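Each of the two blocks below gives one form of the same protein chain as structure tokens; they are labelled structure 1 and structure 2.
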Structure 1
């Protein structure tokens, strides 16, 4: 309708994190902005970078915080205000531990799944009733702490699929926006 959506892709800054598991949200957000013809630019009132557009007749504000994952939420809250976006209309794209590799799921409200970005977001919005585009990376092997697992690059085999999984992740996001 008239209410604008804020799509946020979670991730850590710096090239060396660009390919880590905890950066799929970043990649997807880039993908979307590319499809929209919109481009990112600094947002001094939130410390994040935004790109604006229109999908399925809805006004879109794409975003990628520039702080670290554990601080993601502090740039989204001020961002939600600047553009007058209710938490219900916030969509955060993210790698998901509770989902297996390549599996994509739309979801609104619920748990954080052990992801430190989401936790930061909940604590910043004072609610979990925000939308999510979950991109599965499967659970970590017993030999890796979940937090170290996501800060690592995908395996040789996995890397072959990430490109396609992101296009699919972007597609699922477009469908989510289109449905409500």
Structure 2
């Protein structure tokens, strides 16, 4: 069955290192591992890189619209390559996990992620896979919408590349062995 891996993020150099763009950073790392380049995808508006991970073919994609409208490109991507939602993996920052903590699931909530809500709406289901990468959140009940548009702190920047290697590793393990075995290895702390 066809497989689609998507990173979420906002466009533009000024957003490239913000918390809300972790998905793009990991997708870029996956494409580097696969020796693949992102190219414009006319039918969806996104950009896609294609390759194989342990012999299995995959489409790697980053939307090119604002985060709010992510599903309007991911939906068409899924139809174009005939990928069922169960075989879509979305990589994203997660306000509800400690910074650097990676967790995998299918279904469940969006954790307040506006990109995830757009994808859920477009696919008509919550039942796609996710690579959740913790970023923490502001304390109390403060609105986090501005926190995710900040760059990481210097202390956090010291760990972000390692975290992205782990998230890239988690994506490949998901593709190779599925949810439960990948969870066993990936939930490392």
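Residue numbers count along the first chain shown, from 1. Think of the rigid core as the biggest set of C-alphas that the two forms share within 1.5 Å after superposition.
Once both forms are fitted on their core, a CA shift of 2 Å or more is seen for residue 143 between structure 1 and structure 2.
For residue 58, the Cα shift between structure 1 and structure 2 is 2.1 Å when the rigid core is held fixed in the overlay. Note on residue 35: its Cα is shifted 0.3 Å between structure 1 and structure 2, core used for superposition.
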